[PDB]
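> just to be clear, this is only the beginning of the complex, oriented as in the whole thing:
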Amino acid sequence: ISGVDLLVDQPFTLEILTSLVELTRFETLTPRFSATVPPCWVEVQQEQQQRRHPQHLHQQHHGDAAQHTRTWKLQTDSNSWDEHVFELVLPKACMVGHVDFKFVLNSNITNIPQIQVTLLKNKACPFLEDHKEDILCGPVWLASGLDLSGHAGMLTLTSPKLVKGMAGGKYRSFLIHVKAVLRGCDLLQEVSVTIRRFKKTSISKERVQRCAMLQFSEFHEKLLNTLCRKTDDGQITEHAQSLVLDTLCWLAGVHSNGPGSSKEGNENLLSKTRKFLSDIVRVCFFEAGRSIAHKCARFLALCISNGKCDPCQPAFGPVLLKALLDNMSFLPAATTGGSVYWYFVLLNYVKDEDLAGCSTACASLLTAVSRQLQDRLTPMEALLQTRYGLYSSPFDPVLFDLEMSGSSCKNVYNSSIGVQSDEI
């Protein structure tokens, strides 16, 4: 720590942010790993999951990714197991970022299995009770990672204390323990687990830099200030803004599963987020482009999920609602159609709170806008609409969006493709 200038301390510049994202950059384990399984599972051969996935080895010649898809099929015996133990092996020293825990439900499942994967942090009659002070790292719920289909999903295994490791990014014990709260864990069909880590950086003491990034809250304060304010000296390029959104997205992702002790940093960031939420939305939607709007939508989704995951602290939905409704009147001055699309996507979900205020603002804006629109109709356009049913005005040079089918692609070219038959 001493004698090393932390990346947080220096004033933010484009190259500094580019270095910062390199810390958050994340990769895969190239070295081989191993694991053991309870006897009720049988490891599925690696090419069985290659059934619809024929080009796994071609993209990466090393082939460890083919081994990375370690699959166990569940042999449902008469025992209705309520606990399981999965041992991990980390032969080559590395700093894992998160463990890719993927779960798929059986095709015939109709109920919601209240299966929980709770792993308290490590400090030195279910295992979560006898060894309540000896559990390793988590915790999560299975339903959190449940996907749209409801028959599969993938859980996130990360924590602010995960990156530090046992001591300086070493491995001593990683145990994936599952306990359900026909019935129970027997509904789960098969499990695949992948271990993936951080990319190597050209920055000395990457562990120290990551620790400084995660610990200090003034880093969060400065990041939110940089994102929000755009002053005369703050001629912040949207490249730097995109980097800032990436940094906050990674930070919220790693703070998502932080335990009660780790909630200090989470609340430190969320207090500033609530302080500057109106400016965040205003900038990232009504001033920035579509990509920045998508990044801000992702960050706000992480914040909403974090507020849901922490009932001990006030929820984020109502505050997001006030921010969006306060920024509502700026819609006619918005830049692009994709940003407005993402704004309304976020707004629609948070309608569950204060329906009266949202409806009032919507009606006011509609009444204000509608009168203006009718004044801009011309006899030319009216003739076109009546005689031919052509409603798009051709004499107006400026457009707003091009919604082909469930997408907003006005800010990008249409790619001209020369088709190659090649392999017939």
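Received the coordinates, thanks. Numbers count the residues shown, from 1 in each chain, chains lettered A, B, ... in the order given.
> what does stretch A:266-280 rub up against?
A:217, A:220-221, A:224-225, A:227-229, A:251-252, A:255, A:258, A:296, A:303, A:306-307, A:310, A:313, A:316, A:319-320, A:322-323, A:326-327 (CB atoms under 8 Å, 6 or more residues apart in numbering). For every residue, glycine as well, the C-beta is placed using N, CA and C.
> now with 6 Å?
Residues outside stretch A:266-280 that contact it (CB atoms under 6 Å, 6 or more residues apart in numbering): A:217, A:220-221, A:224, A:228, A:255, A:258, A:319, A:323, A:326.
> most widely separated two among those residues?
The most widely separated members of the contacts of stretch A:266-280, counting by CB to CB, are A:258 and A:326 (29.3 Å).
> the two: who's more crowded?
Counted by other CB atoms under 10 Å, residue A:258 and residue A:326 do not tie: residue A:258 has more neighbours, with 22 against 14.
> endpoints of stretch A:68-84, how far apart?
The first and final residues of stretch A:68-84 sit 21 Å from each other (CA to CA, to the nearest Å).
> I misspoke; the intended subject was stretch A:168-176.
Using CA to CA, the two ends of stretch A:168-176 sit 21 Å apart.
> which parts of that stretch are buried?
A:169, A:171, A:174-176 (16 or more other CB atoms under 10 Å).
> one more chain, chain B:
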Amino acid sequence: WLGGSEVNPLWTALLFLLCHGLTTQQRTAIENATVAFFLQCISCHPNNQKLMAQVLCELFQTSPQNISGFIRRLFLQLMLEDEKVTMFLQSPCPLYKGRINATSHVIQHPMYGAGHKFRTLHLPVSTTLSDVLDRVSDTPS
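With chain B now in place:
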């Protein structure tokens, strides 16, 4: 009178305005109005044709440095197309061709009359009289 010495500076000033506090719709409306005004002044007046040719030549000579902008469109749709002239007929026999039973509203100068004994067409000068006859009357066709 629009070719008079008093009005001559207007052409150059207009071109100066349109070849560099105007909104986009204002600029488009001004461009269309200028093109229409020039085309009206040039329609069948050789003197005004010479004056506009002189104005264009001097503007091109004094233009620094590629051709684009309003001047390109003005040159392309003022010249490089057939001239239009209003041609006005009348006869002791009615001219039925070109009329439909729908209640169409056409408003022209009163000197062109009304009814089946009059007809006015805005058609290119390059056309021949046979086109006039078989477009105004059924009998030639």
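> again for the contacts of stretch A:266-280, since chain B is there now?
Contact with stretch A:266-280 is made by A:217, A:220-221, A:224, A:228, A:255, A:258, A:319, A:323, A:326, as judged by CB atoms under 6 Å, 6 or more residues apart in numbering or on different chains.
> can you flag the buried ones in those?
Taking 16 or more other CB atoms under 10 Å in any protein chain shown as the criterion, what is buried in those is A:220-221, A:224, A:228, A:255, A:258, A:319, A:323.
> same list (the residues you listed) but as JSON lines, adding secondary structure and distance to residue A:212.
Supplementary listing: these in JSON lines, determined by DSSP: H, G, I helix; E, B strand; the rest coil; distance: CB to CB, whole Å:
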{"residue": "A:220", "secondary structure": "helix", "distance to residue A:212": "12"}
{"residue": "A:221", "secondary structure": "helix", "distance to residue A:212": "14"}
{"residue": "A:224", "secondary structure": "helix", "distance to residue A:212": "17"}
{"residue": "A:228", "secondary structure": "helix", "distance to residue A:212": "22"}
{"residue": "A:255", "secondary structure": "helix", "distance to residue A:212": "15"}
{"residue": "A:258", "secondary structure": "coil", "distance to residue A:212": "17"}
{"residue": "A:319", "secondary structure": "helix", "distance to residue A:212": "29"}
{"residue": "A:323", "secondary structure": "helix", "distance to residue A:212": "30"}
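> ok so, going back, out of the contacts of stretch A:266-280, flag the one nearest to residue A:139.
Looking across the contacts of stretch A:266-280 and measuring by CB to CB, the closest to residue A:139 is residue A:258, at 10.4 Å.
> throw chain C on there as well:
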Amino acid sequence: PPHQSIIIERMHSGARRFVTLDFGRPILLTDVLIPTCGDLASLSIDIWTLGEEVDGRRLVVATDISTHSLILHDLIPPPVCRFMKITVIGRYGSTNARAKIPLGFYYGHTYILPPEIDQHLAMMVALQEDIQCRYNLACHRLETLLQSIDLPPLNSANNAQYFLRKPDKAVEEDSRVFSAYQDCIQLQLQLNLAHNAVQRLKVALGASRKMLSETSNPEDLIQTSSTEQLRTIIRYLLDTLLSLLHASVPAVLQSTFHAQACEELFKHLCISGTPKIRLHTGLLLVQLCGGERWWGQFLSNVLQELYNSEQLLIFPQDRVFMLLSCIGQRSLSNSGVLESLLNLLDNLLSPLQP
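Placing chain C onto the earlier chains gives this:
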């Protein structure tokens, strides 16, 4: 934008299909859309720039495309690509008739940035200026084309005959108008795409947009925005209003949308707007004020004002009539709808009785 599908061989659907696509230059691919393919069981995309085995990658695998169409709205971070590989598995049964694979659509930036930027911006500006000039010429042609045509009012038998059987000159002039309008909209879209690209390149220099450095009062914002932006805002806002209503009791909403507000909103939207916003406005009105007492009298007043033989406004009478019929059917439970309509019909036939 180009579009033309290509044929395949050994049409039997049991086996694999292979399609490899190359743009001839690295492309910042950021959007992929492929329509639903019923006779297909799987689909995948593989991406590489230098080589399939050198830097090959994959980004999505689609399985339910038989009854669905995959959409990749925003690929962030944008994968750099020049070569795209398509691998699909048809229906498991290897017996099928002739079918054509829909290629889909792929959107992405052509110029890649982390120098060409300055001269690329200059040439893009020149291209935008040329496209603007061509678009202005197309607009002038369309304007001078429509100026010579007229719509006969539907108030006589002769006009009805004209609408039933269009004369030949009307048909050919309509074809010419449609062609000119299609050219105009093509040039408009090209100009907007070029301007967006130029704006993105200027953003790459850090020159952010003006963004309300003059005023922020809404009464100027609403009256200074573009028409298309207002239409998109109205569409989204009406959509959210419909969602909010379907999710309930918003008593405040019913208070604001009284008789005068409903009159004004109907006349502004359902008469001049695009069909989508017209239908949505009608449905929102019938869902909100359908049970009101003043409703039905609203419909009678609207019909009498719009379809009066003294009406001078030009509007798509048939479409708004269909909208009125649909609204009347939905709001039929209200007792005043037929009472008001029959009272109106009673007054129109009054001159028969001396």
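> back to the contacts of stretch A:266-280, now that we've got chain C?
A:217, A:220-221, A:224, A:228, A:255, A:258, A:319, A:323, A:326.
> do that again at 8 Å, thanks
By CB atoms under 8 Å, 6 or more residues apart in numbering or on different chains, the surrounding residues in contact with stretch A:266-280 are A:217, A:220-221, A:224-225, A:227-229, A:251-252, A:255, A:258, A:296, A:303, A:306-307, A:310, A:313, A:316, A:319-320, A:322-323, A:326-327.
> again with stretch A:374-384
Against stretch A:374-384 from outside (CB under 8 Å, 6+ apart): A:390-391, A:393-395, C:143, C:146, C:149, C:151, C:181, C:227, C:230, C:267-268, C:271-272, C:314-315.
> buried subset of those residues?
A:390-391, A:393-395, C:146, C:181, C:227, C:230, C:267-268, C:271-272, C:314-315.
> next SSE downstream of whatever helix or strand residue A:280 lives in?
Mapping residue A:280 onto the secondary structure by DSSP states H and E places it in helix A:277-286. Downstream of helix A:277-286, the next assigned helix or strand under DSSP H and E is helix A:290-309.
> helices or strands next to that following helix in the packing?
Where contact means 3 or more CB pairs under 8 Å, 6 or more residues apart in numbering or on different chains; DSSP states H and E, helix A:290-309 is packed against helix A:238-255, helix A:263-275, helix A:277-286, helix A:317-326, helix A:337-349.
> show me what counts as buried in that helix.
Residues A:290-300, A:302-304, A:306-307 are the ones in helix A:290-309 that count as buried (16+ other CB under 10 Å).
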